[PDB]
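A short write-up of the structure that comes next.
Below, read A as the first sequence line, B as the second, and so on, with proteins coming before strands; counting in each chain starts at 1. What you see below is based on every heavy atom in this structure, not just the backbone, and it leaves out hydrogens, waters and symmetry mates.
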Amino acid sequence: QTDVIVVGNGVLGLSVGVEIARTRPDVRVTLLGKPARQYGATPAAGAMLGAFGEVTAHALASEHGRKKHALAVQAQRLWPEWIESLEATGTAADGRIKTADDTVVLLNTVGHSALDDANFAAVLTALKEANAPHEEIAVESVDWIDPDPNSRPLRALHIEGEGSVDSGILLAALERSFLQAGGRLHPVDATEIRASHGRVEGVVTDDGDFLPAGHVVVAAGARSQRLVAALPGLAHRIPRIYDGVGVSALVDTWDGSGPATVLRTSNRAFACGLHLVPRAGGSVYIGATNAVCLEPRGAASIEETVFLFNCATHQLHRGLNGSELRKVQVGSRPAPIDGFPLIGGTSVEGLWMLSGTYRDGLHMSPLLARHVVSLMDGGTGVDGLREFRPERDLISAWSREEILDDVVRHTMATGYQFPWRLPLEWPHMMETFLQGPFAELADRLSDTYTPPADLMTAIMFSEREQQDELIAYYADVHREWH
Amino acid sequence: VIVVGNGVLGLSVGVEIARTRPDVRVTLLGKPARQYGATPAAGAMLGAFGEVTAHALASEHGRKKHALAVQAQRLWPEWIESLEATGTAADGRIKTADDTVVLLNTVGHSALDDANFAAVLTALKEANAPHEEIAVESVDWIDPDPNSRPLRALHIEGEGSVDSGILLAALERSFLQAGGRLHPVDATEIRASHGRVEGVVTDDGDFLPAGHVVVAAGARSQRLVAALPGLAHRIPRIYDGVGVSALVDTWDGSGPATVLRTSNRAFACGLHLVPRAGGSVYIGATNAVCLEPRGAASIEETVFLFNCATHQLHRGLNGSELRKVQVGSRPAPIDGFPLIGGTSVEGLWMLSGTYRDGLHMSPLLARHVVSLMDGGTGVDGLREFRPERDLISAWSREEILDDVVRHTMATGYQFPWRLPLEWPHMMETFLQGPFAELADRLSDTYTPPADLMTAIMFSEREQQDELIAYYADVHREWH
Amino acid sequence: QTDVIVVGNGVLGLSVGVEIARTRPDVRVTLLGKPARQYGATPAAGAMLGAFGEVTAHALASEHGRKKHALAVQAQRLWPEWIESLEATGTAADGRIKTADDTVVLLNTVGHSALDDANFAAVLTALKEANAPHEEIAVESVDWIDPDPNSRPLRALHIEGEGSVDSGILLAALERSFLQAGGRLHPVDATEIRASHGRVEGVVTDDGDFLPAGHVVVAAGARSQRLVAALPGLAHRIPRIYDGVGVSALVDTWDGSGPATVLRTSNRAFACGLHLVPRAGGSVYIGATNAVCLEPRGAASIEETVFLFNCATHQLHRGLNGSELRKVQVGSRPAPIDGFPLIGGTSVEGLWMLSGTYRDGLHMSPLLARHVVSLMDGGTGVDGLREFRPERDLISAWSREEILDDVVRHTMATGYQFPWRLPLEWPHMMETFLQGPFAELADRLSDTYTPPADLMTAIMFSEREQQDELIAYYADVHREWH
Amino acid sequence: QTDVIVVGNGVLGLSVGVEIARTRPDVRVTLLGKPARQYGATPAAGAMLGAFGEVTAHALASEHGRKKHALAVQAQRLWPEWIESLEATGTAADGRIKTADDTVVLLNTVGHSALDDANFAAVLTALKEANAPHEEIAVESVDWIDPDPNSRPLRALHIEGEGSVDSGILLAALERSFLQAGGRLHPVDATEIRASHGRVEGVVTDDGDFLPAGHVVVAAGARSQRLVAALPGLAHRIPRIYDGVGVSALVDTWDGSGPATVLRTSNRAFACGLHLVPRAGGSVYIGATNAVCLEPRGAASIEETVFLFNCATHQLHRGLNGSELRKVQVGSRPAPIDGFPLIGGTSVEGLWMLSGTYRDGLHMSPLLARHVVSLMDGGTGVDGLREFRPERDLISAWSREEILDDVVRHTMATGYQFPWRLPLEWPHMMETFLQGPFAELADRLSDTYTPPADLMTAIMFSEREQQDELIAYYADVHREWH
Ligand SMILES: Cc1cc2nc3c(=O)[nH]c(=O)nc-3n(C[C@H](O)[C@H](O)[C@H](O)COP(=O)(O)OP(=O)(O)OC[C@H]3O[C@@H](n4cnc5c(N)ncnc54)[C@H](O)[C@@H]3O)c2cc1C
Ligand SMILES: Cc1cc2nc3c(=O)[nH]c(=O)nc-3n(C[C@H](O)[C@H](O)[C@H](O)COP(=O)(O)OP(=O)(O)OC[C@H]3O[C@@H](n4cnc5c(N)ncnc54)[C@H](O)[C@@H]3O)c2cc1C
C-alpha cells in the first residue's frame, strides 16, 4: 500500500492533502472529516496571517519562542504564491481568499502595561530585526475606527504585507484544489489508527469500515494526540493537546462598511486578543477569546460573548454597538501541554502528525504542509521544525520562575482588560496573594515539568481529580524519558 | 374560516373555532420559520401582576387592560389541561413554573422601579391575590453581584410561566385534532367587495375563499388590513417591538423553581428568567420599537441582556453556555392598546397589537373573538379595544413628556452608568425641550406613548414627516 | 484639699473632671491637655448618641459585645439631664449641645450583603428586644436625602430618641461647667506619672514642672496605655491602645439646609461607617473613616477624604457635591488591642484609667464618668463595667475561626463599599486566596490571643519588625497572666 | 505727588512694586494688601513656568492667542536673572525659588480626544516652530510616576528649561526684595481710587485713611476691574474680570520622594488641568481645578477636591492615595470676559492696571512688570503687549461658531475626564442636545460679543437675573465703543 490517508479536514489536513495530491499524482490520497467540522478551529478563525502581530516579549525571551517566530516569518513568504495556486483552480465568483494586505496594531490602555507596553515594544523590535516593511503612524491616520475616547489607541503600527484571509473561502478553495489534484474526500471520522510491527496498516472509520494505507497523516486538531495515544507506548511519548476554546463573531455593520486593514491589539491575558478581520459583503469578523479546557466545549459562554463585544465596540468602533449579530462562532485551538506544535514523524513507520499549532496553525499551514511532504519523500523539510517533532519529552522552554511571574501578570491582566475599577491598594494586595497558591500548584504538579501560564490557570481552577490525573501524567512522562 | 398568522393568537383562535364549530372548515396560514415571530422568542411569563406599572394603572385604559390580564390568569389551568390532553408524556409540559418572585434592586431609576414595585404591591392587595413580601435571603437559587442585589422581594402565588415552544407545538397538535388544516404559506392580500370578505390571496399565487378572515399576523396585521378601502386611517398602525431573549444551559443544570423578574423598565424592556426543562433557562428581554421590522439582535441588546442577568440574578450564568439568541417583534400599537374584534367589513376580524402580554391574554382573547363570531358579546371590557377606532389618547401630552424623559434617564441608571453628579440634572433639563418640540410638531391632538416617541425622535426626518401626515389623515377621518 | 489630676481634655477627661469637681468640694481637681487637642477623637466626632445605630451581628454574637451594648442603652437615659446641667452654666449665645433627637438608618447596596444585610437585621432585632420606640419607614418618607438612584436606600429605619450632639459645643460646655464647679485647666501635657511604694505621687508635665496628687485619672485617649505602661510591670498588664484614625468633614450646604435627623448606615468594613450629623448655621458634619494605625497619624490620607466625600454625595445627598468644604477633621479613636474599654482602678493606689472606648466613648461619657467617680468615692459605680477593668489579661471575646471569617468578610467589604466594578469570577477568587494568609498570620502571632479584624488587617500590612514586636508583646502578656 | 501706590500683594503687584522701587529710588512706592491674601491666585499656584505646556490648538488658532504665546516664550528668558536678583536679597535659610528646571507633558486616555490629542500635537508643533529644546521620550523612561495601568500615559514629552517655582517662597522673596529696594508694605485694602480732572489723586483704604499718589497701579487680581469701574465711564471701557476659582493641594508623600520634573497634562475642559509641581521637604503640589464664578468663592467644593485627588492618584502616582493631605488651597485666577489680559495705561493720568492674566500671570510677571514700568517712565515697554491695553472694546478673538464648537467639546470633555462609563449612544445624544441651548444663549447675550467657552458655561448655568445683567453689560459696552 502506497495509499495516503489524511485524518482531519481543517486548514492543516486539507493543506497537506493538497500538497501530497499535487506532488505524488501516482498515489491515492483520501482525506477524512465531516462538513460539520465539530470543535473546528479553522472555521471560527478570521483569519489573520499573523507573524509580527503574534509577537510577545515572553515568547521572544525563550529559544523555542524565537524558533516558532522564525517559522511564522518564513510562512508569510509562501502565502502570495499559495493563494495564487488555490485561486487558480477556481473562478471570480468563488470569492477572494485574501481579505486584507496590511495590519494596524493599536496600543490603548484597556489592559496591563506589563503585557501591552512590553508586547508593543517587542513587535517593533521584531519588525526592525526582520527588516519587514512597517511604520509607526498617527492614530488619527488609522482608517474607519471610531473608539470610545476613554478606550482609544494613542499609538498605532502599520505592518505592510501582513494581512488576512477569509477562513471559509480558504477551506472551500483547499477542498476544490484537493479534488482538482485527484484527492478523494470521504466524509467520515477516523475512530482508530491500525499499526503492527512498528508500521501503519490504515484507519478504522466511524461507519465501521477499514481503509488501508502506507501513510496516515493525523491533522485532527485538538483530537490529534488522543487518536495516536491509543498505539503502544505513545500515551507518554506524544505530548497531550487540549482545547484552546475560542469565541469569535460575524457582524453585519450598520452601514455595510469595514476597515481596509486588519485591526488588532498584541496578544493579551492567557493568549486571547482583540482583532477585526475584514470580510466581503458588509460583514466584519471580530475575535477572539481563548480558554484552555481539559475537555472539549462547543458553545460560547455568556462571559466570552460579552467580553468580545464590549472590547470591539469600545476599542475599535462604537458603530458595532448598533450592528447586527449574524453568528457566534466557537472552535478549539489545538493547545499543546508544553506550548509548542507537534509536526513530523513518529517511531511508527508511515505515521505523521500535524497539530498543536494553537493560535497560528492557519498562518503556518503552507510551510507545515511542505515540511511534512518533504519528510514523507525522504527529505529533511524545513530546518527549524526539528525541535517540534511530535514524539518527544515535554519541552521546558521557560524556568518555573518565569512561568510563575507570567501566570500572575496574566491573572492581573484579566482585571485591567475588563477594565475593572477598584480601590488603588487592591491590585498590589491581589498580586502578593496570587504568588503563593500558583508557586504551591507548580511545586505539587511535578519536580521537572511546569505548564505554561494558559494551561496553569486552567489547572489551578480545575477539580482536584483533574489535578491528580495531571500529576500522574507528568510522572509517567518523566519515567518514559528519564 | 381562514386564520392569517401562526403565533399564539392565530393558533389559540384557530383551536377555539375548530373545537366550537365542527361544521365549518378552518384553515390557518403561516410558515414554520415564523419570521419576526414574537411567540417563539417569548419565555413566557403568564404576567398579570408582574406587568403592573404606576403609569399603566394611572390611566382608565391601563386599568381595563390590567383587569383583562387578571381574568385571563383564571383560564390558564383548564386551557393547558385541554391542550396537553391531545398529546402524550413525551411531548413535554406546557407549564414551567407556578409562582413568580419580583425583585427590587437599585440598578435602575427610582422613578420607575420604586413606583412600579409599590404599584404591583397595591394591585395585588386590591385584587385579593395570594402574595407575600419575603426576605431576599429566602429567595432560592439567585446569586447576584452584591452591588446589584435585591433588597426587597415579592412572592406572587399562581402567577407562573409556560414553555412558548411546547405551547406552540401543543396548539398546532390540538388544532389538527379538532379538524383544523395548516397551510404553510403567507397571506399577500385580503379580498373584499360590497363590504364583505371573499377570502385571501397567498404568496404562492393561490386564492382561498372564506366567509370569515381572522388577522392574527402579529406586527404585520394592520399593514395587511390597511390595503382595504378607508381602513388605512381607521385601523391604528402596529409597529415592531423588537425583543431579544436567550436560551442558556446552566453551569450545573440547575434552574430556579419560580419566575424571577423585575418590574417593567425603560421603554417597556425588563429583566426576567423563566424556568425551562432539561438544564436550560430562558433570559429576557429587550424592547425597541422599530418603524421597520428587524430579525437580528444588535450587539448592544445581547450585551445589555447578559450583563443584567449575570449581575442581578445569578453570576453562575456568566460561565453558562449560550444555546440560542432569539429575536421577535412584539406587535406595538401606535396608541398603546390592543386591536381585538370586528371591522366595518363583514367577516373580517383582527387579533393583534398585544405588545408584551398577548400570549398571557390568548385564551381570553380567543374566546372573546369566537363569541363575537357566533353573534355573542364575548368579554365585557374588550369593547374599548375594537380594532376600527380613532387613536386612543389614554394620557395627557404632559404625562407622556414626563414619562419619555424619565424612561430616557432610566436607560442610564439601568446600564448602570457612572457619571459626574451634575450630568443627570443637566441631561434632564436639555431632554425636555426637544421632546416637547417633537410632540407639538407631530400633531395638535395625538401624542405617541414614550416607547414610540423615542423611536420617532431618533428616526429620519422623512419617517417623522410621514407620521405627521398619518396623524393628520387619522384626525381628518375621525373628527 | 487632696489633689486630683485628670490627664486628658477630651470628652472622657472633662466629663470625669466635671463630675469630680461637682461631687467632691473637698478635693482640688486639675485637668491637663492643650487646646490643640493633638490626635483628639472628640473634636473630630459628629457626634451620634449611638446605642442601637452601633449594633452589628458580630458584636451581639459575643457576651462582651452584648454587655457593651447594654451599657450604651443605659448611657442614652442620662443624656437629657446631663445636657441640661451643662447648658445651665452658659447662656443662649453659647449654642445648643443637642443637634437632633432621632436617627434614620438607611440600607443601600453600596456594600457587602454579609455586613450591611446582617447588621440591619441585628439593629432591628436589638430594638425589638429592648422594646425601644422605632419604625421601618418608606424610603420616600425620609426627609431631605437626594441620593444617586444607583446608590439609593431601599429600606429605612427611624429610631426615636437616638440623636446627636455638637462635639465642639459639648467640649466648650464641659470646660465652662468644669471651671464653674471650681476645676482648674492647666494647658500642658503629662510626660510621666510618678509612683513609689505602689501609690501615685503626681505628674511630671512637658514644661518640666511636677504636680503632686493623691489621685491621677488617665483619659489621654489613644496615648493612655503608653503613659501608664512606663510604670513597673504595667507594660503587659494594661492592654495596648492603638490609634483608630478617623476622618470627618464640616460642609456648608449649597442652600444652608440640613436633615432634621441623623442619617447613617450600619457599621461597615473595619469599623468605618457613613453618617451625616446635623449642625446649626447651614453646616453639616459628614463621617467617618477608620483605620487602626500602630503609630499615631494627625493628617487625613487622600484615599480617606475621597472615600468619605464619594459615599456622602452618592448615598446621602448629591447637593453635597456643589457644597463648600469648611474643614477636614482627623482624630484617633482609642482602639484597645482586645476590643473592649479600659475603665476603673489599677494595682497602683490613686491611679485610674478611662480609655479604649473606640467608636462610642462620647455617647457613654456620662455613664463612664459617674462609674469612675463612684469608684473613687469608695462606691461600686455601674454594674457590669467590672469586666472592663483596665488591668487585665487580654479578653478573647471571639474564637480565632469567627475572627478569620470576619477579617475576610471585611476585606471583601472594602471592595463592595468602593463600589468596585470587577469581572464576576474575581470576588470568589479573592475570597479563597485571602483565607490562607490571614489564617497563617493569626497562627504566627500567638497560640492564645487573636487580634480583632480591625487590628488584624493593620498587622497583616505592617512591617515584619512591627509584626515581630507584637509576637513578643503577646508572648510577654501570656507569661505575665498564665 | 510723585508717590506710587500698588494696589494688590500678589505676584503682579509685588513684581511691579519691586521693579518701580529698584528703577525709581527717588520716589516713594507703597504696596497695599493683607497677609491673608483673600481669593489670592498666587498662593494657590504651584507654580509652573508654563509657556509651551500652556499651548492649546484653540489658543494657537487665533492671532491674539499666538501673540499671548510669543510673550510667554519671551518671559521664560527673564526668569533665571529675575530669581538670582530676588534670592540675592535673602540668605540660605529663606529656601530656593526654583523647584524644577524641566517639564514632562503626559498623554493618557482619561479625557476627550478632541482636546487632549489636538493639544498634544499643538504643543509638539509650537516647540518645533520655536526651535525649543525638547524630546518625545519613552513613558517607561519618565522617573517616579506610578499610574493606574488603565489611566497610564502612552506618550510623554520632555521640555528642557520649562520648570517651576515655589509660589510661597517667590512671594516671600518679592516682599523682602521690595523692602530692600525702599518699598513700604501697608497691610490694608484699597476701598476707592480718587481721581478728578482726569488724573489720580490717590487711594482711600479700608481703615478710613487717604493715601495721596501721582501713580496708582491696580494689581488686585480678580477685584481689579470692580475697583477701577467706579471711576466715570470706566464701567464699560475696562473689560470685566471674573473669578477663575482654582483648587490645589499640598501633600506629604508616603516616602518623602517627589519627581525631579514638573509632570502635567495639556489644558483640559474649561481651562482646568492636571499637574504635579515639586516642592522641598517631602511635599508635592497637585493642581488644579478651574471654574469661572460670577461671584468670588473662597472655599473648595467637595466635587473639586474629589476630581483633583482622583486624577492625581490614577494618572500620576497611586502612592499619593496613602499620602497625607497638608493643605487644600483655593485662589481666583483673574478671568477677563474677552479672554485676554489687561496690562498698561488708562485714560486717567497716573492710573495703570496689571490684571486678567488667568492661568499664566505668575509665569509672565517679570515681563509684565518691566513692560508697565517702561510705560510709566515714558518708554514703549514690550512690543506685543499694546493689544492688551486695559481700556478697550471687548476683543473678539474667535467666531461665534468656533466658540460654540469649543463649549460643546469642553462640556463633553468633563465626562471623558471623570472618566464616565455610559451606554455608547449617550455621548452622541448629549452632543446633539447641547448644541441648541448654547447657540440660543450666545444669540440672546449679544449680536456682536461672544463669551469664551469657560465663561459661557458659567453664564449658561447662572440665574436668569445674572444672564439679563450680562445682556445689559454687553449692550452698554457696544453703545460705548460703536
Ligand atoms: C422577547 C419577547 C418576550 C416576550 N415575553 C412574553 C412574556 O413573558 N409573556 C407574554 O405573555 N408574552 C410575551 N411576549 C409576546 C407577547 O405576548 C406578544 O404580544 C404575542 O406573542 C403576540 O402574539 P401574536 O400571535 O399576535 O404574534 P406572533 O407571535 O408574532 O405571531 C404572528 C405570526 O404571523 C406570521 N405571519 C406574518 N405575516 C403573515 C402572513 N402574511 N400570513 C401568514 N402568517 C403571517 C408570522 O410569521 C408569525 O409567526 C414576548 C415577545 C417577545 C418578542
Ligand atoms: C472621626 C470620628 C468620629 C466619631 N464619631 C463618634 C460618634 O458618632 N459617636 C460617639 O459616641 N463617639 C464618636 N467618636 C469618638 C469616640 O467615642 C471616642 O472613643 C471618644 O471621643 C474618646 O474620647 P477620649 O476623651 O477618651 O479621647 P480624645 O477625645 O482623644 O481625648 C484625649 C485628649 O487628651 C489629650 N492628651 C493626649 N496625651 C496627653 C497627655 N500626655 N497629657 C494631656 N493630655 C493629653 C489629647 O490631645 C486629647 O485632647 C468619634 C471619633 C472620631 C475620630
Evaluate the criterion side-chain hydrogen bond (donor to acceptor under 3.5 Å, both in side chains) for residue pair B:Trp423 and D:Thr414; output intermediate values, then yes/no. CA-CA 9 Å; B:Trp423 259 94; D:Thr414 63; 3.1 Å; yes
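- Using modelled atom types, one finds no donor on one side chain facing an acceptor on the other under 3.5 Å when comparing D:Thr261 with D:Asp102.
- D:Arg223 and D:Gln38 are not linked by any side-chain donor-acceptor pair at a separation below 3.5 angstrom, with hydrogens and angles left out of the test.
- Checked against the 6.0 Å centroid criterion, the rings of D:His64 and D:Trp398 do not qualify as a close aromatic pair.
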Go through the steps for D:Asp406 and D:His410 under the test side-chain hydrogen bond (donor to acceptor under 3.5 Å, both in side chains), then give the verdict. CA-CA 6 Å; D:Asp406 199 55; D:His410 282 245; 3.2 Å; yes
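- D:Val228 pairs with exactly one of D:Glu391, D:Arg237, D:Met353 by the side-chain contact (heavy atoms from CB on, under 4.5 Å) rule, that one being D:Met353.
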Could you go through D:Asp252 and D:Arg279, starting from their C-alpha distance and side-chain angles, then the distance that decides it, and tell me whether this counts as salt bridge (charged side-chain N to carboxylate O under 4.0 Å, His left out)? CA-CA 10 Å; D:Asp252 289 340; D:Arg279 293 285 183 90; over 6 Å; no
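- Closest approach of D:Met456 to D:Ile403, counting heavy atoms only: CE-CG2, 3.7 Å.
- A side-chain donor-acceptor contact under 3.5 Å links D:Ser355 to the backbone of D:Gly221.
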Passes side chain to side chain contact (heavy atoms under 4.5 Å, CB included), D:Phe120 versus D:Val105? Steps please. CA-CA 8 Å; D:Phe120 197 78; D:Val105 182; 4.1 Å; yes
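- In this structure the side chain of D:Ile5 never reaches within 4.5 angstrom of the side chain of D:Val217, judged on heavy atoms.
- For D:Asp383, the CG atom sits in a loose shell: 12 or fewer heavy atoms of surrounding residues, nucleotides or ligands are nearer than 6.0 Å.
- A 4.5 Å side-chain heavy-atom check between D:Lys67 and D:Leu71 finds every atom pair outside the cut-off.
- Looking at heavy atoms from C-beta onward, D:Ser374 lies out of side-chain contact with D:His371 at the 4.5 angstrom threshold.
- Heavy-atom contacts from other residues, nucleotides or ligands closer than 6.0 Å to CZ of D:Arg66 number more than 12.
- Counting heavy atoms of neighbouring residues, nucleotides and ligands inside a 6.0 Å radius, atom CD of D:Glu401 does not exceed 12 of them.
- Within 6.0 Å of CZ in D:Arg386 there are 12 or fewer heavy atoms belonging to other residues, nucleotides or ligands.
- The two residues D:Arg370 and D:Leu78 make their nearest non-hydrogen contact at NH1-CD2, 3.8 Å.
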Evaluation steps, side-chain hydrogen bond (donor to acceptor under 3.5 Å, both in side chains), between D:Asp338 and D:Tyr449: CA-CA 9 Å; D:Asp338 68 1; D:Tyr449 307 116; over 6 Å; no
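- Side-chain contact between D:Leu127 and D:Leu157 is present, with heavy atoms from C-beta onward closer than 4.5 Å.
- Under the 4.5 Å side-chain criterion, counting only non-hydrogen atoms from C-beta, D:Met460 is in contact with D:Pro437.
- Residue D:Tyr474 comes nearest to D:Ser446 through the heavy atom pair CB-CB, 4.0 Å, listed as atom of the first residue, atom of the second, then distance.
- For the pair D:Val16 and D:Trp352, the minimum side-chain heavy-atom distance is 4.5 Å or more.
- Counting only distance, with no hydrogens or angles, the side chain of D:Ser283 and the backbone of D:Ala280 share no donor-acceptor pair below 3.5 Å.
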Working for side chain to side chain contact (heavy atoms under 4.5 Å, CB included), residues D:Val245 and D:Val330: CA-CA 7 Å; D:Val245 176; D:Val330 189; 3.8 Å; yes
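- Between D:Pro336 and D:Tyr358, the shortest heavy-atom distance links the atoms CD-CB, 4.3 Å.
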Pair D:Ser248, D:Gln329 - check side-chain hydrogen bond (donor to acceptor under 3.5 Å, both in side chains), show working. CA-CA 5 Å; D:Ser248 64; D:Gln329 300 173 312; 3.1 Å; yes
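- Smallest separation of non-hydrogen atoms from D:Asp468 and D:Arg444: OD1-NH1, 4.5 Å.
- Counting only heavy atoms from C-beta outward, the side chains of D:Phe340 and D:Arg392 approach each other to under 4.5 Å.
- Taking every heavy atom of both residues into account, D:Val372 and D:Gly344 meet most closely at CG2-N, 4.4 Å.
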